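**Student:** sharing an experimental structure here, sequence included.
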2 protein chains.
Amino acid sequence: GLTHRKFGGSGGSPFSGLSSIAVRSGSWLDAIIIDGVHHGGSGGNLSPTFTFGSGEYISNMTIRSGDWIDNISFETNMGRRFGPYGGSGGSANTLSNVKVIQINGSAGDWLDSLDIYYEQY
Amino acid sequence: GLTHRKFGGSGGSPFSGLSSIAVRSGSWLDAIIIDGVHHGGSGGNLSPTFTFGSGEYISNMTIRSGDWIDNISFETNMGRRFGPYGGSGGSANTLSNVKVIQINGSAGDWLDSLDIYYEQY
């Protein structure tokens, strides 16, 4: 099942492959843009890009969803916030006191689902 | 601890926030470049970029390491290969029959450690 392994030694500053997030949104999420890579369709309006600093990660996140993704927001361990973007359909679900490791998902003409991998503290 | 949750509904094509990989390497790994975002120093030579197709993910991976990262290669579930890049110090460790979810790590003037998060089948 889901696991992790470290390789290598002590030094340096932390980084994550989850380096920046933006979305396209209207009433719902048309796309999520991860590290500048577009996932979803061309609809809605493009949000600003949120870029994580070294050692900064998502610690609280709310995803509103039903059959598809309606809304997203998150806060980092340094107190910064992204969103909300999207609308008010579906129901809110919240991850709190976490460290988000990755955001995978499925998308076509819009953003259908998100797979969040995270440490729960 | 480490976990995952899905939000949303059925449709669309799979995607991952781990979308492409390149490295800078010489005798060792000077940098890893994830989704075009540079992690590490300016030394060595830049490899080509490997870009995952939808539904394509790392299924086997070898990381050679000691105090730092010496070498990396991987194969995908579609049979494509990246690397090896780097040199022959340290010792080889292999993840096999997996699905890599994320590559985090620590880097400074070069690539010091990698945190691989993955499903073990």
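**Tutor:** Yes, it's here. Numbering: from 1, shown residues only, chains lettered A, B, ... in the order given.
**Student:** nearest spatial neighbour of the residue nearest the centre of chain A, chain-adjacent residues omitted?
**Tutor:** Compute the mean C-alpha point of chain A, and by Cα atoms, centre = their mean the closest residue is residue A:103, 5.5 Å away. Nearest non-adjacent residue to residue A:103, counting by Cβ to Cβ, 6 or more residues apart in numbering or on different chains: residue B:17, 5.0 Å away. Just so you know, the C-beta spots here come from the backbone N, C-alpha and C atoms, and that holds for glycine as well.
**Student:** quick check: the one you found touching residue B:102?
**Tutor:** Yes. Contact criterion Cβ atoms under 8 Å: residue B:17 and residue B:102 qualify, at 7.3 Å.
**Student:** who touches both of the two?
**Tutor:** A:17, A:18, A:102 (Cβ atoms under 8 Å, 6 or more residues apart in numbering or on different chains).
**Student:** which of those residues tops the neighbour count?
**Tutor:** When neighbours are taken as other Cβ atoms under 10 Å in any protein chain shown, the top entry among the shared contacts of residue B:17 and residue B:102 is residue A:17 (26 neighbours).
**Student:** correct me, but it touches residue B:17?
**Tutor:** Yes. Counting by Cβ under 8 Å, residue A:17 touches residue B:17, with 6.7 Å between them.
**Student:** for the residue nearest to the centre of chain A, helix, strand, or coil?
**Tutor:** strand (DSSP: H, G, I helix; E, B strand; the rest coil).
**Student:** hey, what's it bridged with?
**Tutor:** Under the criterion DSSP bridges, residue A:103 forms beta bridges with residue A:116.
**Student:** contacts only, for it.
**Tutor:** Applying Cβ under 8 Å, 6+ apart, we find residue A:103 in contact with A:18, A:21, A:32, A:34, A:114, A:115, A:116, A:117, B:17.
**Student:** okay, now residue A:25: neighbour count?
**Tutor:** Look at residue A:25: counted by other Cβ under 10 Å, it has 27 neighbours.
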